[PDB]
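Coordinates as given in work_38.cif (mmCIF, C-alpha atoms and all ligand atoms):
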data_structure
#
loop_
_atom_site.label_atom_id
_atom_site.label_comp_id
_atom_site.auth_asym_id
_atom_site.auth_seq_id
_atom_site.Cartn_x
_atom_site.Cartn_y
_atom_site.Cartn_z
CA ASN V 4 -45.61 34.95 12.25
CA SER V 5 -47.81 34.40 9.09
CA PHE V 6 -45.91 36.95 6.90
CA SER V 7 -46.97 37.47 3.28
CA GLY V 8 -45.61 39.39 0.31
CA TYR V 9 -42.00 39.68 1.43
CA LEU V 10 -38.95 39.64 -0.86
CA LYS V 11 -36.02 37.53 0.43
CA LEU V 12 -32.75 39.59 0.34
CA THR V 13 -30.39 37.16 2.21
CA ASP V 14 -30.78 33.75 4.00
CA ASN V 15 -32.36 35.57 6.96
CA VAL V 16 -33.48 39.10 5.90
CA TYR V 17 -36.87 39.72 4.13
CA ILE V 18 -38.33 43.09 3.07
CA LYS V 19 -41.83 44.47 2.21
CA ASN V 20 -43.24 47.88 1.32
CA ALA V 21 -45.77 47.97 4.16
CA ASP V 22 -46.84 50.01 7.22
CA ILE V 23 -45.34 48.12 10.24
CA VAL V 24 -48.60 48.87 12.25
CA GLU V 25 -50.80 47.18 9.64
CA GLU V 26 -48.35 44.23 9.38
CA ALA V 27 -48.41 43.75 13.17
CA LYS V 28 -52.27 43.84 13.33
CA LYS V 29 -52.50 41.31 10.47
CA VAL V 30 -49.72 38.87 11.51
CA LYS V 31 -49.68 39.33 15.38
CA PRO V 32 -46.02 38.23 15.42
CA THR V 33 -44.20 36.94 18.49
CA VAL V 34 -41.95 40.10 18.41
CA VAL V 35 -42.40 43.61 16.94
CA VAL V 36 -39.38 45.91 17.16
CA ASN V 37 -39.81 49.55 18.13
CA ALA V 38 -37.17 52.17 17.07
CA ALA V 39 -37.05 53.82 20.56
CA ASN V 40 -35.14 56.62 22.39
CA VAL V 41 -33.40 55.90 25.81
CA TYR V 42 -36.36 57.24 27.83
CA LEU V 43 -38.95 55.26 25.80
CA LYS V 44 -40.91 58.47 24.96
CA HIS V 45 -42.77 57.44 21.81
CA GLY V 46 -43.33 60.93 20.38
CA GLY V 47 -43.08 60.48 16.62
CA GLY V 48 -41.85 58.32 13.76
CA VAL V 49 -42.32 54.50 14.07
CA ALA V 50 -42.45 54.81 17.86
CA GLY V 51 -45.36 57.28 17.79
CA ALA V 52 -47.21 55.12 15.22
CA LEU V 53 -46.83 51.87 17.28
CA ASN V 54 -47.85 53.66 20.54
CA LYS V 55 -50.92 55.25 18.81
CA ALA V 56 -52.01 51.83 17.55
CA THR V 57 -52.02 50.61 21.24
CA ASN V 58 -54.05 53.78 22.24
CA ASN V 59 -51.21 54.88 24.57
CA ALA V 60 -50.98 51.54 26.47
CA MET V 61 -47.34 51.17 25.29
CA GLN V 62 -46.48 54.64 26.67
CA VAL V 63 -48.05 53.95 30.11
CA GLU V 64 -46.17 50.64 30.37
CA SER V 65 -42.89 52.31 29.11
CA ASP V 66 -43.15 55.06 31.79
CA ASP V 67 -43.43 52.35 34.47
CA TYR V 68 -40.39 50.48 33.09
CA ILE V 69 -38.32 53.71 33.18
CA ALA V 70 -39.46 54.56 36.73
CA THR V 71 -38.32 51.15 38.05
CA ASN V 72 -35.27 50.50 35.80
CA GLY V 73 -33.86 53.81 34.58
CA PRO V 74 -33.23 54.74 30.90
CA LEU V 75 -31.73 52.35 28.35
CA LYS V 76 -28.20 52.83 26.95
CA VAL V 77 -27.78 53.78 23.23
CA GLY V 78 -27.33 50.43 21.43
CA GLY V 79 -29.42 48.73 24.17
CA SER V 80 -32.91 47.25 24.44
CA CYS V 81 -35.71 45.94 26.68
CA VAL V 82 -38.60 43.53 26.10
CA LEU V 83 -42.08 44.77 27.12
CA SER V 84 -45.68 43.70 26.18
CA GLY V 85 -46.69 43.86 22.54
CA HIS V 86 -50.29 44.68 23.55
CA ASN V 87 -52.62 44.22 20.51
CA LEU V 88 -49.68 44.29 18.03
CA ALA V 89 -47.60 41.27 19.06
CA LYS V 90 -46.84 38.94 22.03
CA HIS V 91 -43.76 41.16 22.84
CA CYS V 92 -42.30 44.53 21.81
CA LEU V 93 -38.49 44.69 21.66
CA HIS V 94 -37.68 48.42 22.15
CA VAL V 95 -34.22 49.08 20.56
CA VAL V 96 -32.22 52.30 20.73
CA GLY V 97 -30.14 53.07 17.61
CA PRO V 98 -27.72 56.06 17.69
CA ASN V 99 -29.05 59.51 16.88
CA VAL V 100 -26.16 60.45 14.58
CA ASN V 101 -27.69 63.97 14.17
CA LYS V 102 -26.79 64.52 17.88
CA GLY V 103 -23.23 63.13 17.64
CA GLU V 104 -23.95 59.56 18.78
CA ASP V 105 -21.50 57.13 17.18
CA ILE V 106 -22.71 55.27 14.06
CA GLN V 107 -20.73 52.21 15.37
CA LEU V 108 -23.57 51.77 17.91
CA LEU V 109 -25.92 50.83 15.03
CA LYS V 110 -24.21 47.36 15.07
CA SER V 111 -24.88 47.01 18.88
CA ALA V 112 -28.49 48.08 18.33
CA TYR V 113 -29.07 45.36 15.64
CA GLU V 114 -27.24 42.70 17.84
CA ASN V 115 -30.32 42.85 20.16
CA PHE V 116 -32.43 41.22 17.37
CA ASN V 117 -30.33 38.00 17.73
CA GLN V 118 -32.05 37.16 21.01
CA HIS V 119 -35.31 36.41 19.06
CA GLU V 120 -35.76 33.76 16.33
CA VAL V 121 -38.33 35.81 14.30
CA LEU V 122 -39.01 39.59 14.39
CA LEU V 123 -41.11 42.16 12.50
CA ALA V 124 -39.03 45.35 12.42
CA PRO V 125 -38.38 48.78 10.94
CA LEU V 126 -34.94 50.13 9.82
CA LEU V 127 -33.08 51.49 12.86
CA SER V 128 -31.71 55.05 13.08
CA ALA V 129 -33.46 56.03 9.81
CA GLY V 130 -36.01 58.91 9.95
CA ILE V 131 -35.25 61.51 12.65
CA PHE V 132 -32.13 59.74 14.02
CA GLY V 133 -30.51 60.75 10.65
CA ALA V 134 -28.56 57.63 9.54
CA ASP V 135 -28.56 56.77 5.79
CA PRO V 136 -31.30 54.09 5.46
CA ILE V 137 -29.31 52.05 2.89
CA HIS V 138 -26.34 51.96 5.35
CA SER V 139 -28.79 50.88 8.12
CA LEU V 140 -29.97 47.94 5.90
CA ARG V 141 -26.30 47.02 5.27
CA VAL V 142 -25.56 46.85 9.05
CA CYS V 143 -28.77 44.80 9.57
CA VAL V 144 -27.65 42.30 6.92
CA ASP V 145 -24.07 42.09 8.30
CA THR V 146 -25.23 41.79 11.99
CA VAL V 147 -28.57 40.01 12.33
CA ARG V 148 -28.38 36.19 12.22
CA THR V 149 -32.03 35.36 13.12
CA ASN V 150 -35.03 35.81 10.77
CA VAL V 151 -36.02 39.46 10.32
CA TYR V 152 -38.99 40.77 8.33
CA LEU V 153 -38.44 44.45 7.58
CA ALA V 154 -41.47 46.64 6.88
CA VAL V 155 -40.63 49.80 4.94
CA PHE V 156 -43.44 52.40 4.68
CA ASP V 157 -41.94 54.73 2.01
CA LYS V 158 -42.26 53.24 -1.50
CA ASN V 159 -39.43 55.45 -2.92
CA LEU V 160 -37.10 54.25 -0.14
CA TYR V 161 -38.23 50.56 -0.53
CA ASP V 162 -37.41 50.64 -4.30
CA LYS V 163 -33.97 52.22 -3.60
CA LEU V 164 -33.22 49.50 -0.99
CA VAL V 165 -34.26 46.61 -3.30
CA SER V 166 -32.14 47.97 -6.20
CA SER V 167 -29.05 48.48 -3.97
CA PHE V 168 -29.31 45.00 -2.42
CA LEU V 169 -30.25 42.81 -5.40
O1 LIG E 201 -39.99 52.64 6.61
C1 LIG E 201 -39.89 53.95 6.49
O2 LIG E 201 -40.31 54.56 5.53
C2 LIG E 201 -39.18 54.60 7.66
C3 LIG E 201 -37.70 54.18 7.76
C4 LIG E 201 -37.37 54.17 9.28
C5 LIG E 201 -38.64 54.62 9.98
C6 LIG E 201 -39.78 54.20 9.04
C7 LIG E 201 -41.16 54.75 9.36
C8 LIG E 201 -41.34 56.08 9.73
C9 LIG E 201 -42.56 56.54 10.15
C10 LIG E 201 -43.68 55.66 10.19
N1 LIG E 201 -44.90 56.16 10.56
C11 LIG E 201 -45.92 55.31 10.58
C12 LIG E 201 -45.83 53.96 10.27
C13 LIG E 201 -44.62 53.46 9.89
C14 LIG E 201 -43.50 54.31 9.82
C15 LIG E 201 -42.22 53.89 9.40
#
Is it possible to express this structure as structure tokens?
Ligand SMILES: O=C(O)[C@@H]1CCC[C@H]1c1ccc2ncccc2c1
Amino acid sequence: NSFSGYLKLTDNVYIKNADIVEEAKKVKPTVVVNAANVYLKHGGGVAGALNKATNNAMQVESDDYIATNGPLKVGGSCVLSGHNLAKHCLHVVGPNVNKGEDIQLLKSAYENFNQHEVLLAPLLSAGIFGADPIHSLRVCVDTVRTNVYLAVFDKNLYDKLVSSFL
């Protein structure tokens, strides 16, 4: 949890323009959040990047979790190993609004972060799930009460977020 170069937006939300994979390898936080789908198939986006950085160990472990427990619900989560990235990986499913899933479930997705005092995380439902990333940051700020360090890869998006929030 030795985070560096973050900008404090609220009492508990910090943001950096950084690749979440590089942040996790540098900091080795207690918890790294994955933006997952209900079957934990880490095919692209943040999920594909985190799985690739574990050389598919996250995917093998995720397939075993699904075989024994069944899929997650949208808005739900599970805690699995963080492998070489963190002590734990909190896989969280935000709604895929491009497929009609309710945007109200973005609040339930971010409520899962409150179970952990400190987390390294990406924005949920941004990217291929189609939610507006500034709206996703607003829900994070209104919902998360524990300390969250958000890593945002895209510099153009990072600048837009910092201007809208402060
Ligand atoms: O922070 C971003 O720019 C977006 C917003 C939500 C998903 C983030 C993202 C997407 C792909 C990625 N691919 C490799 C590493 C990190 C990655 C992060």
Hey, which residues come within 12 Å of ligand LIG 201 (chain E) if we count all atoms listed in the file? Could you give them as an mmCIF file with C-alpha atoms, keeping the file's coordinate frame?
data_model
loop_
_atom_site.group_PDB
_atom_site.id
_atom_site.type_symbol
_atom_site.label_atom_id
_atom_site.label_comp_id
_atom_site.auth_asym_id
_atom_site.auth_seq_id
_atom_site.Cartn_x
_atom_site.Cartn_y
_atom_site.Cartn_z
ATOM 1 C CA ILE V 18 -38.330 43.090 3.070
ATOM 2 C CA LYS V 19 -41.830 44.470 2.210
ATOM 3 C CA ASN V 20 -43.240 47.880 1.320
ATOM 4 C CA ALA V 21 -45.770 47.970 4.160
ATOM 5 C CA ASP V 22 -46.840 50.010 7.220
ATOM 6 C CA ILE V 23 -45.340 48.120 10.240
ATOM 7 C CA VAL V 24 -48.600 48.870 12.250
ATOM 8 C CA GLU V 25 -50.800 47.180 9.640
ATOM 9 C CA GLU V 26 -48.350 44.230 9.380
ATOM 10 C CA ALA V 27 -48.410 43.750 13.170
ATOM 11 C CA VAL V 36 -39.380 45.910 17.160
ATOM 12 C CA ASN V 37 -39.810 49.550 18.130
ATOM 13 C CA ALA V 38 -37.170 52.170 17.070
ATOM 14 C CA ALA V 39 -37.050 53.820 20.560
ATOM 15 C CA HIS V 45 -42.770 57.440 21.810
ATOM 16 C CA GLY V 46 -43.330 60.930 20.380
ATOM 17 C CA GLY V 47 -43.080 60.480 16.620
ATOM 18 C CA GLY V 48 -41.850 58.320 13.760
ATOM 19 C CA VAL V 49 -42.320 54.500 14.070
ATOM 20 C CA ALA V 50 -42.450 54.810 17.860
ATOM 21 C CA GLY V 51 -45.360 57.280 17.790
ATOM 22 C CA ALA V 52 -47.210 55.120 15.220
ATOM 23 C CA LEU V 53 -46.830 51.870 17.280
ATOM 24 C CA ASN V 54 -47.850 53.660 20.540
ATOM 25 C CA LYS V 55 -50.920 55.250 18.810
ATOM 26 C CA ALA V 56 -52.010 51.830 17.550
ATOM 27 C CA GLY V 97 -30.140 53.070 17.610
ATOM 28 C CA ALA V 124 -39.030 45.350 12.420
ATOM 29 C CA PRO V 125 -38.380 48.780 10.940
ATOM 30 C CA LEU V 126 -34.940 50.130 9.820
ATOM 31 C CA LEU V 127 -33.080 51.490 12.860
ATOM 32 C CA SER V 128 -31.710 55.050 13.080
ATOM 33 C CA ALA V 129 -33.460 56.030 9.810
ATOM 34 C CA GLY V 130 -36.010 58.910 9.950
ATOM 35 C CA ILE V 131 -35.250 61.510 12.650
ATOM 36 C CA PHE V 132 -32.130 59.740 14.020
ATOM 37 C CA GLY V 133 -30.510 60.750 10.650
ATOM 38 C CA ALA V 134 -28.560 57.630 9.540
ATOM 39 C CA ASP V 135 -28.560 56.770 5.790
ATOM 40 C CA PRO V 136 -31.300 54.090 5.460
ATOM 41 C CA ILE V 137 -29.310 52.050 2.890
ATOM 42 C CA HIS V 138 -26.340 51.960 5.350
ATOM 43 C CA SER V 139 -28.790 50.880 8.120
ATOM 44 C CA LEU V 140 -29.970 47.940 5.900
ATOM 45 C CA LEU V 153 -38.440 44.450 7.580
ATOM 46 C CA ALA V 154 -41.470 46.640 6.880
ATOM 47 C CA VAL V 155 -40.630 49.800 4.940
ATOM 48 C CA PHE V 156 -43.440 52.400 4.680
ATOM 49 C CA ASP V 157 -41.940 54.730 2.010
ATOM 50 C CA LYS V 158 -42.260 53.240 -1.500
ATOM 51 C CA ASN V 159 -39.430 55.450 -2.920
ATOM 52 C CA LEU V 160 -37.100 54.250 -0.140
ATOM 53 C CA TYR V 161 -38.230 50.560 -0.530
ATOM 54 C CA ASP V 162 -37.410 50.640 -4.300
ATOM 55 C CA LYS V 163 -33.970 52.220 -3.600
ATOM 56 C CA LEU V 164 -33.220 49.500 -0.990
#
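Nearest residue to residue 69 in chain V, choosing from V:35, V:81, V:96, V:165 and counting only C-alpha atoms: V:81.
The space between CA of residue 150 in chain V and CA of residue 4 in chain V spans 10.7 Å.
The nearest approach to residue 59 in chain V among the residues V:10, V:17, V:87, V:74, with only C-alpha atoms taken into account, belongs to V:87.
Taking only C-alpha atoms into account, residue 168 in chain V lies nearest to V:13 out of the set V:13, V:57, V:71, V:149.
Among the candidate residues V:75, V:88, V:100, V:109, the one lying nearest to residue 144 in chain V is V:109, with distances computed using all atoms listed in the file.
The closest residue to residue 147 in chain V, picked from V:114, V:120, V:104, V:66 and counting all atoms listed in the file, is V:114.
In this model, the gap between CA of residue 98 in chain V and CA of residue 113 in chain V comes to 11.0 Å.
Using only C-alpha atoms, the protein and nucleic acid residues lying no more than 9 Å from residue 90 in chain V, apart from those fewer than 3 places from it along its own chain, are residues 31, 32, 33, 34, 35, 84, 85, 86 and 87 of chain V.
Nearest residue to residue 8 in chain V among V:152, V:102, V:167, V:93 is V:152, counting only C-alpha atoms.
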Original post:
Quick one: distance from CA of residue 148 in chain V to CA of residue 118 in chain V in Å, one decimal?
Top reply: 9.6 Å
Can you report as AutoDock Vina command-line options the centre and edge lengths in Å, to one decimal, of an axis-aligned box around the listed atoms of range 52-71 of chain V padded with 3 Å on each side?
--center_x -46.2 --center_y 52.9 --center_z 26.6 --size_x 21.7 --size_y 10.8 --size_z 28.8
